[PDB]
Structures are given as structure tokens and as C-alpha cells.
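Enquirer: Sending over a structure as C-alpha cells; questions will come in a sec.
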Amino acid sequence: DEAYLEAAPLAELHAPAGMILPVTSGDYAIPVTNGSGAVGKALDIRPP
Amino acid sequence: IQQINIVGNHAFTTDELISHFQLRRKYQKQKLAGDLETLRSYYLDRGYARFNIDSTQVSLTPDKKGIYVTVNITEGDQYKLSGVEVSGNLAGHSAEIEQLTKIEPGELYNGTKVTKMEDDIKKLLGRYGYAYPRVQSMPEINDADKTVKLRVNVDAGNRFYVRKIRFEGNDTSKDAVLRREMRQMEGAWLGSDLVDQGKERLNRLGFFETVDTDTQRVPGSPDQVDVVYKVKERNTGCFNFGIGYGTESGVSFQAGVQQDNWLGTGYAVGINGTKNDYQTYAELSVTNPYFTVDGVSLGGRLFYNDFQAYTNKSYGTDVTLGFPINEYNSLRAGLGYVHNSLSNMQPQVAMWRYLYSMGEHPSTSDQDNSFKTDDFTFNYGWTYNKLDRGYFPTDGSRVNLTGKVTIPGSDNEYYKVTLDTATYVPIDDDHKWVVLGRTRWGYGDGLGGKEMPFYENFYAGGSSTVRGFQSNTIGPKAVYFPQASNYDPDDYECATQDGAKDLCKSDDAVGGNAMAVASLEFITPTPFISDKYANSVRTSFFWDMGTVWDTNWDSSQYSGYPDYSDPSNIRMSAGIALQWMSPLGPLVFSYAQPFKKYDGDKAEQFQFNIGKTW
Amino acid sequence: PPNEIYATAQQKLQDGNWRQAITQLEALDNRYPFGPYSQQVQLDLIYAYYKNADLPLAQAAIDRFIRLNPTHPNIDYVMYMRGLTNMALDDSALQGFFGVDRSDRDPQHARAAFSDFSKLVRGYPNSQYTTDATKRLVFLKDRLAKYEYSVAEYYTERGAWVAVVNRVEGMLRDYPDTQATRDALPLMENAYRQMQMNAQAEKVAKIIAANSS
Amino acid sequence: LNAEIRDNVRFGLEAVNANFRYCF
Amino acid sequence: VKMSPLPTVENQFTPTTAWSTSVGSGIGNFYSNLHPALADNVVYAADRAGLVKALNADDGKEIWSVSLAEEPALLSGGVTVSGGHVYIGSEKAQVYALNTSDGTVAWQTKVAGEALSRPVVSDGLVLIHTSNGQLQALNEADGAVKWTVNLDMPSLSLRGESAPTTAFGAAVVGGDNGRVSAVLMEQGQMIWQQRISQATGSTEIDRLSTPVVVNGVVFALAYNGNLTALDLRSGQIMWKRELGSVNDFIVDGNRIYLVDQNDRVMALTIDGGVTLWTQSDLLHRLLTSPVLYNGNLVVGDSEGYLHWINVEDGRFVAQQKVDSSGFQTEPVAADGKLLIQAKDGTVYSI
Amino acid sequence: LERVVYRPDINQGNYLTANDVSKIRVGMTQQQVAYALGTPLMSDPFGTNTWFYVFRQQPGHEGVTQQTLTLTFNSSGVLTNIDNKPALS
């Protein structure tokens, strides 16, 4: 299904002015992309 | 192989020592090492501290006709154990280690006993979080007087803590379902005796085929571990639908669903019913094994049915609360209500005795009658269960005591108590040969001088109780009174006034006021069961007996008919049965031939059912 | 002959039964295992396995394809299909129909899928499938955070206050930008409040207030 | 008058004795 | 899976059977060399039960008996008779010394291994070859051990690891390593060792069963295809041919008569690996070792027949069925008497 | 009312004993402290190098037994302060 396209947006947290949050891991790091391709039912998933 | 020659012995003969060998054939000689270990243990178990094997030889006959095996044994004397010296990093547990080490001076040295002591020290230390102890032991031998002293080097090591408990087999069940069964909490010290509780708990639920425990070390820290459980879900429960439509039945149906795990949530459900031209039935049963986080259970059922001519109907409700009182025992209690009505009853001695005790006065030999009551009752019970399997137990025992008491203000006044027990005793290290005993008892009576209503009477017989007999065949039979039937033109000669002249005996079971049933079964493996079947089908042999009798039967007014007050008329049968955990559940196939029977008994040597009980 | 099997498989793939296409593809691989058509047929079989939900066979076919193609002009297509294959193993028709929340099931497959999509996005930043891959990565990231959340709630109910604190810290390190963390933080505060650790509770309260909305 | 459709899925038509059984 | 030939051999001369008698039950299914022996017109024989008897060599009548068992004695190795003493071994590592006038036990000793081959007697020396590779030299008068030597013991076969022979004061020995050697019998001091055969089938190919010394030349053959003529003072090969079997061979007339692994009968010259003749009519029927009796070779089989073979060209002279149970050990003959014991307890004299 | 329901014992935190508490001194390094006491189970994920040791036991149908120990370390890794809470308020 296309339910994955309804996932909520992500948003970074900030510190309460004077104490930090633990240093995060390098896992589950999502790179920034352009978004030029199609999604969901608009994609061709047949072999080329 | 033709001959094994064991030479060099004086204390023992070949015939006994060879009796513990696996070899007694060609191309099997590779197993010889196991027999040599056996010899090492046999002598090591008798104090022969210097026992060894100097050489062995295996050789072929001419033209590969057979094999000769010869073992050259050096047999020493017997040594006595003078004491045990224990030292090292005992970490405060020396009193328990010493208690586990005490021996009677002069006892014959036994290498296995030494191994057992070492294993017990590791087991003891595991209880306090010493996950990886380092324990070694060795004998010191004084040959001047054949004395052996045992030295044990013990180092408890570090305490371990559990960082995370992870599961990798939950495809359908909720994670919470398994965490509720752990007795080891995270962020606390490890206990081997506490972790092992989990592998029993996950089996008692009956939702899994296997539980594999594990311990893995954290690569970044010398004192922390992870505990990982692996399970494989057993498909549990089914949904059935059928169509009864026909030219005689009209439009009719049957349907229902039963599961011991509903969509993986832990709730048990059962929904059943049917409708046709002659009877209606519906039942709803739902229960929550976990109402609160501490294990309090709550559930109940509603039901309704009716049958047309005699004609009767009933309906009611049962709500039951229950809870554990210790690790193994639990209690149940609850309340319920049932409505019952009867009409067009055939006159019977037992039924009329009931009606007279109730204050009813049905006309003699007259089917034009009715009776109805509203009965409120209190339910209670008690259970015990230490079985290690949900379906095919190998050890332990189970006890289930139940009963009911009427509530003053109700129309009926009665009490009923039943007891269901079973015990499994293994006779096999591999748990393939097992002896299973099963017993059931029940008794009840009225209060206030009134009789027990006949529709709550006990019946026995059938594949669920005593194998080989037709359901409800065991017990007292109905005696009918001679006379207002509408079937006289065509029919029971005792009910119709045209042919009904005197009291008559019959084969119509009425059930009794007391029963006792018991059997013994031998559970065994068979050569025709392959791995596909070895884990799903059980083959057993059995012997069944049972008796049902009528409390308050009065034989003094009936001299030409059997006396039903005698409880000793025990019916007995024996046979063989196969229990198969098919994709549709634990189906039961059985054949038995009654060997002790009484007048009026009806036999059914072959029975089949869908099991899912006992 | 491979030309008739190929034509039949192509006709069934364009408009036809998936099983018939599989049968023809299997006959072609069984009879002509080393011909040039294997460059498309093997892929057609993996694709077909996906369409027929023959997931263990899609995985075996993918592993064999990759072993035989250390490099390939369309290797990223196959990796993408593997990621879809792993996502296909988390759900079931019964959980979906009744509206069941699946975050409490063991996320073994969600992690495997995450790893495959991560490798796809990082290794081929100019891949034509990038947009869909990043949407799935967002979905799966939340899929995992909900699991950690549910376990933390269970332990708060049972009273394992230390397990609760450590599980929520793990959530802070691994999913600092999802909804599950904002929802979990009150559990951290209450767990601290059941122990005499008020100085730490102040810190939790300040974090919650700073990001309140 | 009957069919075997899937493991744990049974159907048949068998006036009639038609039925269906599904196990999880 | 082999055909056992039944040739139409005429029983020429119709050898006359003088008698048959029996002691005990017989060796039966067990492989052994528990052969009877003839000395001073008395035939000595025993079974595994421990029953040992002396019989009159001229008519087969029993003249003396003893029981050596109360478990059974499980006697093996055969009986060796020399001078005034009779020696018999056992699989219990016991060796019994009986006298020749009355076979009551004179002494017995422990040999630390099964006595699986023929004991032999030299000049005051009893040589016992054990199953574990130890060769033990016993004192003929009391069982004392003068010396021992030991060879290596590969995990191969039993084969009745061949008994030692003697020449010029030294023992001529060998074993299942495909090796032969000589040991000085005064000290147990090894003089030389030599290799007869080699094999790549280290777990498949057998190496050795009996050496004989003729005119100072050592003649022996390894199972794995190697019949050799060696010097006596050193492990020096005189000649060799790729022949080999388990059963012992006959040397006489400057000719060597051998039986192959497949029961092929062959006659070779004594000066080289030169074949004189072969016969196959008894081929694939398990044969015992041959003896030379009245100028003709006598060979038996597993089916109860004896065969008289012409020493010149291998011509088959006669055959006669004596005991349907078969023979396992070789026949013996002396002073015109041909004596043989069947697989079972029955002993025949022709 | 709920006093009759069986409740398995609950343990939380690492194991503490006076014999080891008496061994900690200002001036010890983090490695010496972890060695002597064991790996800490709780720390301040948002702040300074502060370690917490909590000993908590809850026997069935009993009260809560708890002790805590707090260690404050500098950025150098040297222990600067030791605090103890032998009982709950």
C-alpha cells in the first residue's frame, strides 16, 4: 500500500538553553536528497 | 563383529563389562571410543585411580569375513578419599561450598561424584550472578596407603548484569505477551535460577513449539550480557462454517470460531452456534488471562439453547474472576444464573421423585405438563500446574477442583463438586517412555431435604472419559411409567396407554449422582514415526475403568429391576490410541474393546474426535 | 526452445497469470541455464516472486543473482527490490483488516529492510528510486521507534524503573527526531520521580518544556 | 463437490453438506 | 559373488581313509591355527573348550585326556611338541607347558598378549608371537622370559600374524608392517630389518600373514604382492617377484609351490620369479595351505574336499570329500600318515 | 484488598555492599572505580560525568528497600564527590 507516504514529518529537538542531549550515533542517518523521482503507484517496478 | 576380547582383568568378568558396550557390527567400529569411555567410567566409578587403557586393536578376518576387537586393560587397586580441600576466591560462599562438599570419610572414590561436585559449585554460584566461574579440580594420590585427596581451584569471577532482553520470534503475538512471563527484570543482576523460569513459562502458555534460551556477551564491556529468546509460533485455533440446508431440514446452519490466542493479544475466545428446525444453540465465551499487570484473570460466558419434543429450553450467564496465590497454585470464584423450562415430559420414577420433593404433583401417566425454574448459583475452584508442555506433557502433575453451590432464594437447592487430576512420570532419560495416570471424581447432593435436579446429573463414557463405550452409556437406565401419548396410532410401547401396562426397564440413560473414572496409559515412541511426526503425534497404550451410581436410589420399592445403589459395578475396557497434532489441532484416533461389561451396556470399539482436551 | 518460452513468459507478464509466467521462466532457466536470456529471465523471476508473494524464493533468487553479478548496470534495481521484499515480511492481512497496531511485533525484518535501503541510498545517490527510498526510510524509522516506546510503557507499568530509564535513553540516541521520543519523555520524568532523583527530573522537565507544542 | 485450497483452508459443497474450515 | 568350480576330477588311486575320530566341537566359525600335532606315534589335539587329548597315531584311539577349563579356556595357537614338552597358547595371554608322557600342566605363564600363532621351540627357547606386536622369548623349563622385542602395530588385520622360524641361532620374524627382521636368540638383539612391500592403501591393503630358510636364503612373501628371496646375514634381497598371499607355501625340489589370494595354485622355480605352471580349477573356493604328501600336493577347501595335485605340471590327480563342514587349517603328514582335522572337532586320518 | 495477590520479587539497580562502598576514595580514577564496583547502570545522558548507583529491592508484599550512591567526576576523569542516600524519605 501507499500508507508509508502518510508518515508524519520529522523534526529535530533543541536543548533548554544550557544543557545538551547525548551525542547521537551514526546509525539510522538519512541523507538529504533532491526528491526528483516518482513515488508510490507512479513508479515502474518492472525489470528494465 | 564376531568377538571382543577384554584382557587383563581380575576383579570383573568380561560378560558384565561388555554388557555396557554399544557394539556387540561391521562398519560400526567407529563407535568403539564410546565404549572405552564407558570402561573409564566403570572403573573410575569404583575408585581405580590408576586405571587406564594401554592399547586397543581391531582387525579383519581373512576375506573380510568378520572383525576381532581386543582391549588391553591395566587394572589397579581401589583408593579411598581422605577429604576435600577447597581454596580460592570463594567470595563469601564458603559455607555453601563446604556443605556441598561434605563426604563420609572412607567412601570409595568416584570420578563422577567429583564431576558432580564441580557442576554443583558452578550451579550454586550462578544463583548470585557469577555467570562465568572458573573452577578446576584434580586428585592427589598417595600410593603408600591407596589414598586420594581432592583439590578444587574455585574462582567465582565477576557479577553480571542484564542490559537488554530481546526477542526474535514474535511474528503475530504482542511483545508484552512474552515480557509478562519473564521473572528476570532488566537492569538487575543475573540469576541462572531466575532466567531458567522463562523457558518453562513460555511453554506453559501453549503458544510455542520451542523455546531456545541464550546468553551473549556485550563486546564493549567485561561484565554485561544480553538474554535472547527464540520462539516459533504454533498455529492455534480455527474458524468453522457449515450449511445444513435440505428438503427435510429446511434452512439451517452451524458455525463458530475458537482460539486460545486471539489475533495474538492473549485473550481467549469461543463463539459457537447452530440453528435448525428442531433445536437452537448459541454460546459466547471470552476471557482475559491478564486483567491487571499482576496476573489477575477475568472472563465469562453467555449461552442459550432450546430443544423441541420432550420440549425444553435454557439460557444463562457465568462471570468468573480468578487469581494466583503462589507461583504454582491459583483460585477461581464467580457468579452466574440459569433459566430452565421443561414441557411434555415422559413420566419417570427419578423425575417424579424430584418433582415430589420440589412440591410438584404431576398427574400420573400424563404428558400434558410443564415446569420452570430460575436458579442463581455461586461457582468456585482451585488449580495446580507444574507441567512442562502445553500439549504433550513429559513431567509434573495437574489438579483441577471445581464446584457450585446454589444461592438461597433460588428454586433449586444443591451443591456439586468435581475433581480432575492427572500425573506424568517419566521412565526414560530421553522422555520417550512415560507413564500417565488420569483420574476423575464427582459427587453432589441437595440441601434442605430436597433432591438434586435431574438435568445436572453426571454422565460418563465416551472418548473423552472412558474409551470404547458410547457417550452417556455408562450408568443407571430410565424406568418409565405405564398414558396420554399422541403417538399411540403408530413408538415406545411403555409410554402409550394402549401397550403400556406395567413398569418397564429401558436403555435410556438418566445419569447419576456420583461418578469415578480412572485410567493408566503408557506413552511410547514407535519405529513408524518420522521427524515430521515425532514432534506432533503421540502413540500410547491404555487401560480404562469407571463407575457411575445413583445416590438416593431406593431399591426397596422396585424388586424386579436392577438395584442402582451398588457403586461396585465398575465397567472396564482397554486399548490403543494415537494423538495427532494436525494442522487442525490435536485429533484423537482410538480403538478399544470392553472386557468387563454389565447388562444394558452399549459398545463402540472405535472412536474418533478432534481432541483439544486432556 | 528459449524463444517460445520467453515469448510466452512475456505475454503472461504483460497481461496474464503470475504462476504461468513463473512456470515458463522456470522451464527456461531449467533448460537453458547459461544463455543470454538469463540477464532478464532471472530478474523476471525475482520480480515474479515479488508479485506472487513467494518471498523466500525472491530472496534466494536475489542472492544468487548478486553472487553471479558482483557489478551490473542495474544492480541497484535488485537492491531496491530486496528492500521491498523485506518490508513485505512485516505485515499480514489479519493485522491490517482489524486495525491492529503492529509496532509490538518483533522488528527483525524492519531492521533488515532499513539496512538495505540505507545501502541503496548511500551507494547510488543519483538513483531514480531515491524519492521512494527516502519515504520508506522515514516510515521505517518511526516503525522502530514505536517498538521501543511500547516496551518502555510495559516496564513503567511493571515498575522496572531502571529498565525504563535505559530504554528511553536508547530512544534518545537512536531516534532523536521522531514522535515516539516526544511522547516517551514524560515516562522518563515519571520514572525519575519514583526514585529520589529530583535533580535529574528537573532536567527532563526542562527538555519537555523547551520542545512543547 | 469439495476442494483443498490452502494449508488450514478447506472448502466444499458436498440436500447439501457444504462447509468451510479455516485455521490460523 | 564368485563361482565355486566343481571340476570332474577322478579320485585316482582312491586314497584310503584309515579312520575318523573327534574331540570336542571344533574351531568352527572362529579363525585360528589350533592345529593337531603328531609326535612319537601320538596325535595331540584340543578344542576351545580346554579339552586336550592324546590319541594313538596308528588307529585313532584316545589314550589320554585333560580338561584345562573350569569361563572357558578359549585355547588357540595350536599345539607345539618338542622333546619332552608340549606348549599351547591362549587368547588370555596364558601359555601352558604340558609334558609328552602325561599332558598334565608342568607350568603356565602370562605373556601379556594373545597367543595367536603357533608357538615354536628352539634350543631351550620357546618363541611366542603376540597379537600386540611383542615377540617374547620364554624359558622352556619354567616360563621365565629371557628377552622381548617389539614391532610397530598398524590398525590393519589379524591374519594369524605369522609365527617366527629359526636359523643358525637367530629368529626369523616379521609382521603386519610389511617388514621382516632377524633377532639374535641369545640376547633378543635385532640383527637387521627389511621392507618387503609398500602400499598406498594404508587403510585398505594388508601387509603380512611364514618365512622359511632354505640353504641360508630367506624366502617369504607379503600379502601385498611381494614374494622375495633374501640373504640371512642382512636384509639383502636376492630376487623378488610381485606375488603375495596369506597362507604358507611349500618349498621342495628346488621348486616353490604357492597359493594365491584368490586360491590360484602356482608352481615357480627356486632360482627366480619364474612360473612353472598354474591351476585355476579350485579358484575362488577358499583353500587351506597345501602339504606335500607322497610326492603329490594335497590341498583342501571350505566345502570338505581334499585334492591331490601332480607336482610336475599341476595336473589334478584326485579329489575326495571327507567332511561336509570344511577345513580351515593346513593338513600335516609324517611317516606315511596323512592327518587333518576338519573345521569341526572331527579329526580324519588317511 | 490487593495484599493477597502473589507478586514476584522485583530487583532494580546494581548490587551494592558496604564492604565495597568503604573502598571508594576521592582521587580514584574512573577505571579504578568501575573495577572496584562494576559498570554503572545509570548515568546522566544530558550532562556531566556523573554516575549513579541505585540498589533497589521489592520483596513480594514487603516495602521498598533502597540505597543510592552518587559520584561526581570532573572532565579530567578524576572523582570529585561522593554522596550517599542510605534510606528513602
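Enquirer: Would you compute, from DSSP H runs of 4+ residues alone, the mean residue ellipticity of chain B at 222 nm, taking -39500 (n - 2.57) per run and dividing by the full residue count, rounded to the nearest 500?
Expert: That comes out to -3500 deg cm²/dmol.
Enquirer: Just how many pairs of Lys in chain C have C-alpha atoms closer than 18 Å, counting pairs that are eight or more places apart or on different chains?
Expert: So the count of such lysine pairs works out to 4.
Enquirer: Next up: With θ set to phi - 60°, apply the Karplus curve 6.51 cos²θ - 1.76 cosθ + 1.60 along segment E:285-296 and write out the HN-Hα couplings as whole Hz, x wherever there is a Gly or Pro.
Expert: Each residue's phi maps through the Karplus curve to give 9, 4, 10, 8, 5, x, 10, 9, 10, 6, x, 10 Hz.
Enquirer: Charges at C-beta only: +1 for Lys and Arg, -1 for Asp and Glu. How large is the resulting dipole of the protein assembly as shown about its Cα centre, in Debye rounded to 20?
Expert: The calculated dipole for the protein assembly as shown is roughly 3200 debye.
Enquirer: Give me the inter-chain shielding for B:243-256: mean count of other chain Cβ atoms within 10 Å, whole number please.
Expert: Mean inter-chain Cβ contacts per residue within 10 Å come to 2.
Enquirer: When the Karplus curve 6.51 cos²θ - 1.76 cosθ + 1.60 is applied with θ = phi - 60°, which whole-Hz ³J(HN,Hα) does each residue of segment B:520-535 get, with x for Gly and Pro?
Expert: Listing the rounded values in order: 10, 10, 10, 9, 9, x, 9, x, 9, 9, 8, 3, 4, 9, 4, 8 Hz.
Enquirer: Which one, C:34, C:7, C:48, is farthest towards the positive end of the dipole of chain C when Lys and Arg carry +1 and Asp and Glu -1 on their Cβ?
Expert: C:34
Enquirer: Within chain C, what is the longest stretch that has no chymotrypsin sites (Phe, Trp or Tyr not before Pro) placed in a DSSP loop and near at most 12 other beta-carbon atoms within 10 Å?
Expert: C:99-213
Enquirer: Also, quick follow-up: Within segment C:1-57, which trypsin sites (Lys or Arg not before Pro) sit in a loop by DSSP and count at most 13 neighbouring Cβ atoms inside 10 Å?
Expert: For trypsin sites (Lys or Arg not before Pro) across segment C:1-57 that sit outside H, G, I, E and B with at most 13 neighbouring Cβ atoms in 10 Å, the list is empty.
Enquirer: Given B:141, B:92, B:342, which one lies farthest toward the positive end of the charge dipole of chain B, if we put +1 on the Cβ of every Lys and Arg and -1 on the Cβ of every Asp and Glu?
Expert: So the residue furthest toward the plus end is B:141.
Enquirer: Would you work out which of B:184, B:545, B:172 lies farthest towards the positive end of the dipole of chain B? Charges go on Cβ: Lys and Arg +1, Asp and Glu -1.
Expert: Towards the positive end, the residue furthest out is B:184.
Enquirer: Turning to a different aspect of this structure: Taking beta carbons within 10 Å but only from partner chains, what does the mean come to for residues B:186-197?
Expert: 4
Enquirer: Related question: Using Cα-Cα distances under 8 Å and only pairs 6 or more residues apart, what relative contact order does chain C have, in percent?
Expert: Once normalised by length, the contact order is 11 percent.
Enquirer: A follow-up question, please. Run the numbers on segment F:10-85 and let me know its relative contact order in percent, using alpha-carbon pairs under 8 Å that are six or more apart.
Expert: Reported as a whole number, the value is 31 percent.
Enquirer: Kindly put D:21, D:10 in sequence by how many other C-beta atoms sit within 10 Å of each C-beta, fewest to most.
Expert: Least to most surrounded, the residues fall as D:21, D:10.
Enquirer: Another one. Could you count how many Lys pairs in segment B:65-161 have their Cα atoms under 26 Å apart, skipping same-chain pairs fewer than 8 positions apart?
Expert: For segment B:65-161, qualifying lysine pairs total 20.
Enquirer: In the structure shown, do any of B:174/F:85; B:416/B:477; B:64/E:61; B:64/E:343; B:232/B:432; B:386/B:612 have a Cα-Cα gap over 27 Å, and if so which?
Expert: As for pairs spanning more than 27 Å Cα to Cα, those are B:174/F:85; B:64/E:61.
Enquirer: Next question, about the same structure. Can you give me the Kirkwood hydrodynamic radius for chain C, using every pair of distinct Cα atoms, in Å to one decimal?
Expert: For chain C, inverting the mean 1/r across all distinct Cα pairs yields 20.5 Å.
Enquirer: Do any trypsin sites (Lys or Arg not before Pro) in segment B:62-109 lie in a loop, going by DSSP, with at most 16 other beta-carbon atoms within 10 Å of their beta carbon, and if so which?
Expert: When the trypsin sites (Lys or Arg not before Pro) of segment B:62-109 are filtered for loop state and at most 16 Cβ neighbours within 10 Å, B:65, B:102 remain.
Enquirer: From the Cα gyration tensor of segment E:93-211, with a ≥ b ≥ c the square roots of its eigenvalues, which class applies: rounded if a/c is under 1.5, or else prolate if a/b is larger than b/c, or else oblate?
Expert: prolate
FYI the Cβ positions are ideal-geometry reconstructions off the backbone, even for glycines, and counts take in every protein chain you see. Every read-out reported here was derived from the displayed coordinates using simple, explicitly stated rules and does not represent laboratory data.
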